[PDB]
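Chemist: I have a structure here, written as structure tokens, and I will follow up with some questions on it.
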Amino acid sequence: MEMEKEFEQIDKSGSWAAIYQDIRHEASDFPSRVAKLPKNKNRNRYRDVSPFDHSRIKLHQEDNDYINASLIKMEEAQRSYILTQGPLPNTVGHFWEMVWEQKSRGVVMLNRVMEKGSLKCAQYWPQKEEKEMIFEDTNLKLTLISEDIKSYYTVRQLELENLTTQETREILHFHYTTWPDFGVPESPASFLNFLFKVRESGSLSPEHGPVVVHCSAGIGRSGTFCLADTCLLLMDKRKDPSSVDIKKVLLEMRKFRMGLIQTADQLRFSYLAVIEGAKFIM
Ligand SMILES: CC[C@H](C)c1ccc(NS(C)(=O)=O)cc1
């Protein structure tokens, strides 16, 4: 079926939970043996969210190459994304090592450091220009260059230096600051505006490594971001845009990381975002 009328048909029939459970039943199951090794317990935020072995990002390190991060490679759309958990106190250095080694330009953050009164990720970037951060375990230096605070999101320019080679690179930090503590946003308008700002920066383009996107577990809000982006790109590429099937795209993405889209409300919000976004593109 088309999207916008399939949408109204699920609303009127109140069957979002059944649709979402079907997706959970059909989703791929691949091994995640490296994630479960005892030496990696303090590298995982949640025991039930792990990268598959076949798509995990490997650190270029002979001691321990593990990070909780997955490469989502979308062949028809010609887009790739790295989805990862919010960094932990003992993985901030690994996080920036990955950004460096994978040649990423942008980092997309969809959570606040504290939500619901608890810490959802480490404070992993510097908050003042004159107070830079040094990650001694991976030999990197990170400096805040500039910060632009808007009503729904903040953009930061960062400098990452590999202290071993003295090479430097500019990284863009795109921080969506207004996702509500419970539920999903009432309108997709600010989320779509944010997606377009990431696009306009070059951070999603083939001349760079894959964008790094995270929330707390790296599957819920993060899944919504890449699912909406990929669906809108396919609607531009194809002769028949109504042939884009959001449930099939989501199942394809779940071949690369488990659990993408965590609730039936997030599924409905993804439909809403793609529907409204397809009108603005034209
Ligand atoms: C950190 C704010 C600074 C003013 C800034 C730099 C870059 C961009 N975007 S871009 C994609 O490079 O055009 C936006 C803002």
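By convention in this document, the chains of the structure tokens carry letters A, B, ... by their order, each chain's residues are numbered from 1, and ligands are numbered from 1 in the order they are shown.
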Please, which residues in chain A fall within 10 Å of ligand 1 when counting only C-alpha atoms and all ligand atoms, and what is the closest atom pair and distance in Å to one decimal for each, ordered by chain then residue number, as JSON lines?

Modeler:
{"residue": "A:105", "atom": "CA", "partner": "ligand 1", "partner_atom_place_in_ligand_line": "11 (C)", "distance": 9.8}
{"residue": "A:106", "atom": "CA", "partner": "ligand 1", "partner_atom_place_in_ligand_line": "11 (C)", "distance": 9.1}
{"residue": "A:144", "atom": "CA", "partner": "ligand 1", "partner_atom_place_in_ligand_line": "1 (C)", "distance": 8.8}
{"residue": "A:145", "atom": "CA", "partner": "ligand 1", "partner_atom_place_in_ligand_line": "1 (C)", "distance": 7.2}
{"residue": "A:146", "atom": "CA", "partner": "ligand 1", "partner_atom_place_in_ligand_line": "1 (C)", "distance": 4.5}
{"residue": "A:147", "atom": "CA", "partner": "ligand 1", "partner_atom_place_in_ligand_line": "1 (C)", "distance": 4.0}
{"residue": "A:148", "atom": "CA", "partner": "ligand 1", "partner_atom_place_in_ligand_line": "2 (C)", "distance": 4.5}
{"residue": "A:149", "atom": "CA", "partner": "ligand 1", "partner_atom_place_in_ligand_line": "2 (C)", "distance": 8.2}
{"residue": "A:154", "atom": "CA", "partner": "ligand 1", "partner_atom_place_in_ligand_line": "1 (C)", "distance": 7.9}
{"residue": "A:155", "atom": "CA", "partner": "ligand 1", "partner_atom_place_in_ligand_line": "1 (C)", "distance": 4.9}
{"residue": "A:156", "atom": "CA", "partner": "ligand 1", "partner_atom_place_in_ligand_line": "1 (C)", "distance": 3.6}
{"residue": "A:157", "atom": "CA", "partner": "ligand 1", "partner_atom_place_in_ligand_line": "1 (C)", "distance": 4.2}
{"residue": "A:158", "atom": "CA", "partner": "ligand 1", "partner_atom_place_in_ligand_line": "1 (C)", "distance": 7.8}
{"residue": "A:170", "atom": "CA", "partner": "ligand 1", "partner_atom_place_in_ligand_line": "12 (O)", "distance": 9.6}
{"residue": "A:171", "atom": "CA", "partner": "ligand 1", "partner_atom_place_in_ligand_line": "7 (C)", "distance": 9.2}
{"residue": "A:172", "atom": "CA", "partner": "ligand 1", "partner_atom_place_in_ligand_line": "7 (C)", "distance": 6.8}
{"residue": "A:173", "atom": "CA", "partner": "ligand 1", "partner_atom_place_in_ligand_line": "1 (C)", "distance": 7.9}
{"residue": "A:174", "atom": "CA", "partner": "ligand 1", "partner_atom_place_in_ligand_line": "1 (C)", "distance": 9.0}
{"residue": "A:197", "atom": "CA", "partner": "ligand 1", "partner_atom_place_in_ligand_line": "11 (C)", "distance": 7.2}
{"residue": "A:198", "atom": "CA", "partner": "ligand 1", "partner_atom_place_in_ligand_line": "11 (C)", "distance": 6.9}
{"residue": "A:199", "atom": "CA", "partner": "ligand 1", "partner_atom_place_in_ligand_line": "11 (C)", "distance": 7.8}
{"residue": "A:200", "atom": "CA", "partner": "ligand 1", "partner_atom_place_in_ligand_line": "11 (C)", "distance": 5.6}
{"residue": "A:201", "atom": "CA", "partner": "ligand 1", "partner_atom_place_in_ligand_line": "11 (C)", "distance": 2.6}
{"residue": "A:202", "atom": "CA", "partner": "ligand 1", "partner_atom_place_in_ligand_line": "11 (C)", "distance": 6.0}
{"residue": "A:203", "atom": "CA", "partner": "ligand 1", "partner_atom_place_in_ligand_line": "11 (C)", "distance": 7.4}

Chemist: What does the file look like for those residues with C-alpha atoms, as a PDB file, in the first residue's frame?

Modeler:
ATOM      1  CA  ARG A 105      32.820  14.434   9.291  1.00  0.00           C
ATOM      2  CA  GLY A 106      29.743  14.618  11.524  1.00  0.00           C
ATOM      3  CA  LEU A 144      35.716  23.315  20.967  1.00  0.00           C
ATOM      4  CA  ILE A 145      36.031  25.861  18.113  1.00  0.00           C
ATOM      5  CA  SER A 146      32.539  27.437  18.051  1.00  0.00           C
ATOM      6  CA  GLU A 147      28.988  26.749  19.204  1.00  0.00           C
ATOM      7  CA  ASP A 148      25.636  27.898  17.743  1.00  0.00           C
ATOM      8  CA  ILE A 149      22.631  27.396  20.081  1.00  0.00           C
ATOM      9  CA  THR A 154      22.822  23.165  18.822  1.00  0.00           C
ATOM     10  CA  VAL A 155      25.654  22.888  16.230  1.00  0.00           C
ATOM     11  CA  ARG A 156      29.280  22.803  17.354  1.00  0.00           C
ATOM     12  CA  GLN A 157      32.520  22.962  15.402  1.00  0.00           C
ATOM     13  CA  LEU A 158      35.213  20.761  16.958  1.00  0.00           C
ATOM     14  CA  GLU A 170      37.272  19.519  11.622  1.00  0.00           C
ATOM     15  CA  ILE A 171      34.281  17.586  13.071  1.00  0.00           C
ATOM     16  CA  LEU A 172      30.696  18.919  13.160  1.00  0.00           C
ATOM     17  CA  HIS A 173      28.520  18.046  16.224  1.00  0.00           C
ATOM     18  CA  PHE A 174      24.741  18.168  15.548  1.00  0.00           C
ATOM     19  CA  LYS A 197      20.699  20.912   8.517  1.00  0.00           C
ATOM     20  CA  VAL A 198      22.809  17.746   8.874  1.00  0.00           C
ATOM     21  CA  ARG A 199      22.376  17.081   5.132  1.00  0.00           C
ATOM     22  CA  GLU A 200      23.304  20.634   4.155  1.00  0.00           C
ATOM     23  CA  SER A 201      26.619  20.360   6.082  1.00  0.00           C
ATOM     24  CA  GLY A 202      28.074  17.574   3.864  1.00  0.00           C
ATOM     25  CA  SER A 203      28.189  15.149   6.825  1.00  0.00           C
TER      26      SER A 203
END

Chemist: Excluding range 160-169 of chain A and its own-chain neighbours fewer than 6 positions away, which residues fall within 6 Å of it when counting only C-alpha atoms? Please give them as a VMD selection string.

Modeler: chain A and resid 139 to 142

Chemist: Expressed in Å to a single decimal, how great is the separation between CA of residue 273 in chain A and CA of residue 188 in chain A?

Modeler: 5.3 Å

Chemist: Considering only C-alpha atoms, can you say which of A:21, A:64, A:50, A:111 comes closest to residue 213 in chain A?

Modeler: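 Among A:21, A:64, A:50, A:111, it is A:111 that comes nearest to residue 213 in chain A.
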
Chemist: When distances are computed from only C-alpha atoms, which of A:18, A:110, A:82, A:67 shows the smallest separation from residue 220 in chain A?

Modeler: A:110
